[PDB]
Amino acid sequence: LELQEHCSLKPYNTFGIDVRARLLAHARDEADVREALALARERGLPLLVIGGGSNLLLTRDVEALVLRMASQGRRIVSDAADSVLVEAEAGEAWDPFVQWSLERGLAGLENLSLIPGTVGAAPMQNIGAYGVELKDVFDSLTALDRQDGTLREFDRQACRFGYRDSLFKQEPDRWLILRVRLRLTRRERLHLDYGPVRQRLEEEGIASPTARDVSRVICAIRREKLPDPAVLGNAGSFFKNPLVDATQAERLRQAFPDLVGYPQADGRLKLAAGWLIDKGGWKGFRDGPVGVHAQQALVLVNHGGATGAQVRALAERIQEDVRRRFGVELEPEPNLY
Ligand SMILES: Cc1cc2nc3c(=O)[nH]c(=O)nc-3n(C[C@H](O)[C@H](O)[C@H](O)COP(=O)(O)OP(=O)(O)OC[C@H]3O[C@@H](n4cnc5c(N)ncnc54)[C@H](O)[C@@H]3O)c2cc1C
Ligand SMILES: Cc1c(C(=O)O)nnn1-c1ccccc1
């Protein structure tokens, strides 16, 4: 299991936080997962599952057995003409899996290109970008129940997907996702509702655009605008876009005409969290080794040497400010440990 004791978790989380783990193992299959669980239980330790550590905020030393999911495997399950069921192990890296799918001529994942992390973590966070969510293509997953060790399958309804949310993120220590099945397509019409994606695609003058073509535009836009943790530690968008009811939206828009929002089918309004934080004065904020990115106001950053506690406290500060100022509470996207 390539076990290490008292090992630093710095290279395993995109914020670059330097806490240390009491044990660190690497699981390459389901037997390893079972061995790691028994080992944690035999030794009186909790078990902390990690993938690419790109949605984790570590705030203290980890008195647990940290299990890095590193199982490999990607395959086509059934090809049903336009629809195609594909399957990947939890440890498979997400963006190489998107590229694997497009190289097979399958559409569906192109708008989720270049998101960090693993296939296993993607349903838990219901990852989303440029108008697409994982739940749009989700068929099923296999998860180990950590209350009794049994395996069960979840279809889409049983996953209780929501905005950057799922049953698994609500009960975080309960299920351990082993493999994920998605339904991809061929020859479908192509999701270009986002202005800048459509504009840059059109500028390229492809006679007949495809999913691969969309994927290369999204990669270029993401590389252009989103800080890379390689250089500046972060977990992407720290906050979710909040939803408010129609009355709250009336008082806010009647007080701020410039309010950026996305109307929903049920009459509620999803506010742009980045606009709230910018309009609150936080963009470019910096206090000691932590701050808010100068152009992407949603992105909290580790300039170097931050503890996880300092990141946590800046976020709580931004939260309190935006609550006090516009009466809106910003929820975080990252998971806190
Ligand atoms: C630069 C950057 C850009 C990003 N852009 C986006 C974006 O556009 N859209 C978006 O939605 N997200 C985005 N994210 C965050 C996104 O959630 C992660 O990139 C990714 O989904 C997390 O996967 P991971 O494997 O890194 O999970 P980790 O951070 O390792 O884990 C996160 C949580 O999920 C759990 N988890 C991981 N694997 C398993 C498993 N097999 N079983 C059970 N629990 C598990 C962990 O226990 C932890 O609670 C971004 C992050 C970064 C750093
Ligand atoms: C573009 C984007 C989306 C989206 O397009 O919905 N979600 N997060 N995110 C993001 C934002 C800042 C940093 C990293 C990722």
# chains A, B, ... in the order shown; residues from 1 in each chain; ligands from 1
>>> residues_around(residues="range 136-141 of chain A", least_positions_apart="4", cutoff="9 Å", atoms="only C-alpha atoms", output="list in words")
residues 85, 87, 108, 109, 120, 123, 132, 152, 153, 154, 155, 156, 159, 177, 178, 179, 180, 181, 182, 183 and 184 of chain A
>>> write_last_selection(atoms="N, CA and C atoms", output="PDB file, in the first residue's frame")
ATOM      1  N   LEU A  85     -22.416   4.238 -22.995  1.00  0.00           N
ATOM      2  CA  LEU A  85     -22.139   4.107 -21.574  1.00  0.00           C
ATOM      3  C   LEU A  85     -20.653   3.825 -21.372  1.00  0.00           C
ATOM      4  N   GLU A  87     -17.255   3.926 -18.384  1.00  0.00           N
ATOM      5  CA  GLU A  87     -17.007   3.585 -16.989  1.00  0.00           C
ATOM      6  C   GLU A  87     -15.549   3.861 -16.653  1.00  0.00           C
ATOM      7  N   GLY A 108     -20.287  15.234 -24.570  1.00  0.00           N
ATOM      8  CA  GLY A 108     -20.948  15.272 -23.281  1.00  0.00           C
ATOM      9  C   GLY A 108     -20.080  15.880 -22.197  1.00  0.00           C
ATOM     10  N   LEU A 109     -18.770  15.624 -22.240  1.00  0.00           N
ATOM     11  CA  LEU A 109     -17.847  16.071 -21.202  1.00  0.00           C
ATOM     12  C   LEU A 109     -17.030  17.292 -21.607  1.00  0.00           C
ATOM     13  N   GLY A 120     -13.682   9.754  -9.279  1.00  0.00           N
ATOM     14  CA  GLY A 120     -14.430   9.352  -8.094  1.00  0.00           C
ATOM     15  C   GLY A 120     -15.044  10.521  -7.350  1.00  0.00           C
ATOM     16  N   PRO A 123     -18.782  12.980  -8.970  1.00  0.00           N
ATOM     17  CA  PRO A 123     -20.201  12.936  -8.552  1.00  0.00           C
ATOM     18  C   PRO A 123     -20.449  13.515  -7.182  1.00  0.00           C
ATOM     19  N   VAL A 132     -22.710  23.183 -17.870  1.00  0.00           N
ATOM     20  CA  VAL A 132     -22.924  21.741 -17.773  1.00  0.00           C
ATOM     21  C   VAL A 132     -22.537  21.260 -16.372  1.00  0.00           C
ATOM     22  N   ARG A 152     -23.007  -0.811  -2.934  1.00  0.00           N
ATOM     23  CA  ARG A 152     -24.261  -0.604  -3.635  1.00  0.00           C
ATOM     24  C   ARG A 152     -24.087   0.347  -4.804  1.00  0.00           C
ATOM     25  N   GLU A 153     -25.019   0.212  -5.736  1.00  0.00           N
ATOM     26  CA  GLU A 153     -25.082   1.045  -6.920  1.00  0.00           C
ATOM     27  C   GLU A 153     -26.047   2.195  -6.665  1.00  0.00           C
ATOM     28  N   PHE A 154     -25.690   3.384  -7.148  1.00  0.00           N
ATOM     29  CA  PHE A 154     -26.563   4.549  -7.103  1.00  0.00           C
ATOM     30  C   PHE A 154     -26.895   4.954  -8.531  1.00  0.00           C
ATOM     31  N   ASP A 155     -28.184   5.075  -8.856  1.00  0.00           N
ATOM     32  CA  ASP A 155     -28.547   5.723 -10.107  1.00  0.00           C
ATOM     33  C   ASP A 155     -28.669   7.222  -9.846  1.00  0.00           C
ATOM     34  N   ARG A 156     -29.108   7.968 -10.860  1.00  0.00           N
ATOM     35  CA  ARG A 156     -29.009   9.421 -10.802  1.00  0.00           C
ATOM     36  C   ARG A 156     -29.893  10.003  -9.705  1.00  0.00           C
ATOM     37  N   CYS A 159     -28.600   9.751  -6.073  1.00  0.00           N
ATOM     38  CA  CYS A 159     -27.457  10.587  -5.744  1.00  0.00           C
ATOM     39  C   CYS A 159     -27.848  11.962  -5.224  1.00  0.00           C
ATOM     40  N   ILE A 177     -16.652   6.096  -3.070  1.00  0.00           N
ATOM     41  CA  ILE A 177     -17.027   5.861  -4.465  1.00  0.00           C
ATOM     42  C   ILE A 177     -15.895   5.113  -5.156  1.00  0.00           C
ATOM     43  N   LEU A 178     -16.213   3.958  -5.748  1.00  0.00           N
ATOM     44  CA  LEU A 178     -15.232   3.085  -6.388  1.00  0.00           C
ATOM     45  C   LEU A 178     -15.184   3.234  -7.909  1.00  0.00           C
ATOM     46  N   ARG A 179     -16.320   3.462  -8.551  1.00  0.00           N
ATOM     47  CA  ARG A 179     -16.309   3.604 -10.000  1.00  0.00           C
ATOM     48  C   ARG A 179     -17.592   4.286 -10.426  1.00  0.00           C
ATOM     49  N   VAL A 180     -17.533   4.927 -11.584  1.00  0.00           N
ATOM     50  CA  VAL A 180     -18.564   5.854 -12.018  1.00  0.00           C
ATOM     51  C   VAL A 180     -18.886   5.559 -13.477  1.00  0.00           C
ATOM     52  N   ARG A 181     -20.174   5.537 -13.810  1.00  0.00           N
ATOM     53  CA  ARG A 181     -20.627   5.261 -15.170  1.00  0.00           C
ATOM     54  C   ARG A 181     -21.366   6.481 -15.704  1.00  0.00           C
ATOM     55  N   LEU A 182     -21.009   6.907 -16.914  1.00  0.00           N
ATOM     56  CA  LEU A 182     -21.596   8.089 -17.524  1.00  0.00           C
ATOM     57  C   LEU A 182     -22.155   7.721 -18.891  1.00  0.00           C
ATOM     58  N   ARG A 183     -23.187   8.445 -19.304  1.00  0.00           N
ATOM     59  CA  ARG A 183     -23.814   8.248 -20.613  1.00  0.00           C
ATOM     60  C   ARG A 183     -23.453   9.411 -21.527  1.00  0.00           C
ATOM     61  N   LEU A 184     -22.624   9.142 -22.527  1.00  0.00           N
ATOM     62  CA  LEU A 184     -22.158  10.142 -23.473  1.00  0.00           C
ATOM     63  C   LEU A 184     -22.885   9.940 -24.798  1.00  0.00           C
TER      64      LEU A 184
END
>>> residues_near_ligand(ligand="ligand 2", cutoff="10 Å", atoms="only C-alpha atoms and all ligand atoms", output="JSON, numbers by chain")
{"A": [111, 112, 114, 115, 116, 127, 128, 129, 130, 131, 132, 133, 163, 164, 194, 218, 221, 222, 225, 226, 227, 228, 234, 235, 236, 237, 238, 239, 240, 241, 274, 293, 295, 296, 297, 298, 299, 300, 333]}
>>> residues_around(residues="range 72-76 of chain A", least_positions_apart="5", cutoff="8 Å", atoms="only C-alpha atoms", output="list in words")
residues 28, 29, 84, 85, 86, 87, 88, 89, 90, 91, 92 and 97 of chain A
>>> write_last_selection(atoms="N, CA, C and O atoms", output="PDB file, in the first residue's frame")
ATOM      1  N   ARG A  28      -4.724   1.264  -5.060  1.00  0.00           N
ATOM      2  CA  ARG A  28      -4.752   1.007  -6.496  1.00  0.00           C
ATOM      3  C   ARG A  28      -5.903   0.111  -6.932  1.00  0.00           C
ATOM      4  O   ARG A  28      -6.042  -0.138  -8.135  1.00  0.00           O
ATOM      5  N   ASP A  29      -6.733  -0.360  -6.007  1.00  0.00           N
ATOM      6  CA  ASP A  29      -7.883  -1.196  -6.358  1.00  0.00           C
ATOM      7  C   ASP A  29      -8.797  -1.339  -5.138  1.00  0.00           C
ATOM      8  O   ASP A  29      -8.553  -0.753  -4.075  1.00  0.00           O
ATOM      9  N   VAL A  84     -23.680   6.264 -25.482  1.00  0.00           N
ATOM     10  CA  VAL A  84     -22.572   5.378 -25.140  1.00  0.00           C
ATOM     11  C   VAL A  84     -22.363   5.409 -23.627  1.00  0.00           C
ATOM     12  O   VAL A  84     -22.140   6.478 -23.048  1.00  0.00           O
ATOM     13  N   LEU A  85     -22.416   4.238 -22.995  1.00  0.00           N
ATOM     14  CA  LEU A  85     -22.139   4.107 -21.574  1.00  0.00           C
ATOM     15  C   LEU A  85     -20.653   3.825 -21.372  1.00  0.00           C
ATOM     16  O   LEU A  85     -20.116   2.849 -21.914  1.00  0.00           O
ATOM     17  N   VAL A  86     -19.987   4.682 -20.604  1.00  0.00           N
ATOM     18  CA  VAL A  86     -18.565   4.550 -20.319  1.00  0.00           C
ATOM     19  C   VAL A  86     -18.393   4.478 -18.805  1.00  0.00           C
ATOM     20  O   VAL A  86     -19.252   4.919 -18.039  1.00  0.00           O
ATOM     21  N   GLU A  87     -17.255   3.926 -18.384  1.00  0.00           N
ATOM     22  CA  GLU A  87     -17.007   3.585 -16.989  1.00  0.00           C
ATOM     23  C   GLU A  87     -15.549   3.861 -16.653  1.00  0.00           C
ATOM     24  O   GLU A  87     -14.655   3.560 -17.454  1.00  0.00           O
ATOM     25  N   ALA A  88     -15.308   4.451 -15.482  1.00  0.00           N
ATOM     26  CA  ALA A  88     -13.949   4.743 -15.043  1.00  0.00           C
ATOM     27  C   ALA A  88     -13.799   4.491 -13.547  1.00  0.00           C
ATOM     28  O   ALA A  88     -14.716   4.757 -12.767  1.00  0.00           O
ATOM     29  N   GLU A  89     -12.624   4.008 -13.159  1.00  0.00           N
ATOM     30  CA  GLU A  89     -12.295   3.844 -11.751  1.00  0.00           C
ATOM     31  C   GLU A  89     -12.125   5.199 -11.061  1.00  0.00           C
ATOM     32  O   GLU A  89     -11.747   6.201 -11.679  1.00  0.00           O
ATOM     33  N   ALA A  90     -12.371   5.198  -9.741  1.00  0.00           N
ATOM     34  CA  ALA A  90     -12.393   6.432  -8.953  1.00  0.00           C
ATOM     35  C   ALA A  90     -11.074   7.190  -8.998  1.00  0.00           C
ATOM     36  O   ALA A  90     -11.075   8.425  -8.949  1.00  0.00           O
ATOM     37  N   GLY A  91      -9.948   6.488  -9.080  1.00  0.00           N
ATOM     38  CA  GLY A  91      -8.668   7.171  -9.076  1.00  0.00           C
ATOM     39  C   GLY A  91      -8.247   7.776 -10.400  1.00  0.00           C
ATOM     40  O   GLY A  91      -7.218   8.458 -10.444  1.00  0.00           O
ATOM     41  N   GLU A  92      -9.005   7.541 -11.476  1.00  0.00           N
ATOM     42  CA  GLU A  92      -8.650   8.096 -12.776  1.00  0.00           C
ATOM     43  C   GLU A  92      -8.734   9.618 -12.756  1.00  0.00           C
ATOM     44  O   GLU A  92      -9.698  10.197 -12.246  1.00  0.00           O
ATOM     45  N   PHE A  97      -9.514  11.791 -18.594  1.00  0.00           N
ATOM     46  CA  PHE A  97     -10.687  10.982 -18.909  1.00  0.00           C
ATOM     47  C   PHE A  97     -11.604  11.698 -19.901  1.00  0.00           C
ATOM     48  O   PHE A  97     -12.155  11.069 -20.812  1.00  0.00           O
TER      49      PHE A  97
END
>>> select_by_dssp(residues="range 24-252 of chain A", states="helix (DSSP H, G or I)", output="ChimeraX atom specification")
/A:30-42,94-103,110-112,121-125,134-136,157-159,167-170,195-203,211-225,246-252
>>> residues_around(residues="residue 56 in chain A", least_positions_apart="6", cutoff="7 Å", atoms="only C-alpha atoms", output="PyMOL selection string")
chain A and resi 13+334-336
>>> closest_residue(among="A:102, A:190, A:50, A:64", to="ligand 1", atoms="only C-alpha atoms and all ligand atoms")
A:50
>>> closest_residue(among="A:58, A:38, A:260, A:77", to="ligand 1", atoms="only C-alpha atoms and all ligand atoms")
A:58
>>> closest_residue(among="A:193, A:203, A:110, A:188", to="ligand 1", atoms="only C-alpha atoms and all ligand atoms")
A:110
>>> atom_distance(atom1="atom 34 (O, counted along the ligand's line) of ligand 1", atom2="CA of residue 52 in chain A")
9.0 Å
>>> closest_residue(among="A:205, A:96, A:257, A:172", to="ligand 1", atoms="only C-alpha atoms and all ligand atoms")
A:172
>>> closest_residue(among="A:246, A:318, A:66, A:265", to="residue 278 in chain A", atoms="only C-alpha atoms")
A:318
>>> atom_distance(atom1="CA of residue 101 in chain A", atom2="CA of residue 175 in chain A")
26.4 Å
>>> select_by_dssp(residues="range 11-55 of chain A", states="strand (DSSP E)", output="PyMOL selection string")
chain A and resi 20-27+47-50
>>> closest_residue(among="A:199, A:264, A:210, A:147", to="residue 103 in chain A", atoms="only C-alpha atoms")
A:210
>>> residues_around(residues="residue 149 in chain A", least_positions_apart="5", cutoff="12 Å", atoms="only C-alpha atoms", output="list in words")
residues 30, 31, 33, 34, 35, 37, 38, 143, 144, 174, 175 and 176 of chain A
>>> atom_distance(atom1="CA of residue 41 in chain A", atom2="CA of residue 171 in chain A")
19.2 Å
>>> residues_around(residues="residue 162 in chain A", least_positions_apart="2", cutoff="10 Å", atoms="only C-alpha atoms", output="JSON, numbers by chain")
{"A": [125, 126, 133, 135, 159, 160, 164, 165, 166, 167]}
>>> write_last_selection(atoms="N, CA, C and O atoms", output="PDB file, in the first residue's frame")
ATOM      1  N   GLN A 125     -19.054  16.094  -5.704  1.00  0.00           N
ATOM      2  CA  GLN A 125     -19.109  17.534  -5.859  1.00  0.00           C
ATOM      3  C   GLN A 125     -20.070  17.989  -6.968  1.00  0.00           C
ATOM      4  O   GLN A 125     -20.269  19.200  -7.126  1.00  0.00           O
ATOM      5  N   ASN A 126     -20.652  17.062  -7.731  1.00  0.00           N
ATOM      6  CA  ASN A 126     -21.445  17.365  -8.939  1.00  0.00           C
ATOM      7  C   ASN A 126     -20.784  18.469  -9.760  1.00  0.00           C
ATOM      8  O   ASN A 126     -21.327  19.566  -9.943  1.00  0.00           O
ATOM      9  N   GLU A 133     -23.282  20.279 -15.867  1.00  0.00           N
ATOM     10  CA  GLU A 133     -23.007  19.581 -14.620  1.00  0.00           C
ATOM     11  C   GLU A 133     -22.821  18.098 -14.901  1.00  0.00           C
ATOM     12  O   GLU A 133     -23.365  17.551 -15.869  1.00  0.00           O
ATOM     13  N   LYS A 135     -24.252  15.776 -13.387  1.00  0.00           N
ATOM     14  CA  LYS A 135     -25.513  15.040 -13.344  1.00  0.00           C
ATOM     15  C   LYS A 135     -26.185  14.949 -14.718  1.00  0.00           C
ATOM     16  O   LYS A 135     -26.995  14.038 -14.943  1.00  0.00           O
ATOM     17  N   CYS A 159     -28.600   9.751  -6.073  1.00  0.00           N
ATOM     18  CA  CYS A 159     -27.457  10.587  -5.744  1.00  0.00           C
ATOM     19  C   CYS A 159     -27.848  11.962  -5.224  1.00  0.00           C
ATOM     20  O   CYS A 159     -26.963  12.693  -4.771  1.00  0.00           O
ATOM     21  N   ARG A 160     -29.119  12.336  -5.345  1.00  0.00           N
ATOM     22  CA  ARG A 160     -29.659  13.611  -4.866  1.00  0.00           C
ATOM     23  C   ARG A 160     -28.725  14.773  -5.220  1.00  0.00           C
ATOM     24  O   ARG A 160     -28.259  15.531  -4.374  1.00  0.00           O
ATOM     25  N   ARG A 164     -23.450  21.981  -7.104  1.00  0.00           N
ATOM     26  CA  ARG A 164     -22.215  21.587  -6.421  1.00  0.00           C
ATOM     27  C   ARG A 164     -22.494  20.757  -5.172  1.00  0.00           C
ATOM     28  O   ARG A 164     -21.846  20.928  -4.137  1.00  0.00           O
ATOM     29  N   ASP A 165     -23.491  19.877  -5.250  1.00  0.00           N
ATOM     30  CA  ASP A 165     -23.917  19.155  -4.056  1.00  0.00           C
ATOM     31  C   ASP A 165     -24.447  17.782  -4.444  1.00  0.00           C
ATOM     32  O   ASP A 165     -24.845  17.542  -5.593  1.00  0.00           O
ATOM     33  N   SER A 166     -24.433  16.874  -3.466  1.00  0.00           N
ATOM     34  CA  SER A 166     -24.883  15.510  -3.672  1.00  0.00           C
ATOM     35  C   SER A 166     -25.151  14.876  -2.317  1.00  0.00           C
ATOM     36  O   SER A 166     -24.746  15.398  -1.274  1.00  0.00           O
ATOM     37  N   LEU A 167     -25.840  13.736  -2.348  1.00  0.00           N
ATOM     38  CA  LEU A 167     -25.998  12.948  -1.132  1.00  0.00           C
ATOM     39  C   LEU A 167     -24.645  12.658  -0.484  1.00  0.00           C
ATOM     40  O   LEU A 167     -24.514  12.700   0.746  1.00  0.00           O
TER      41      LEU A 167
END
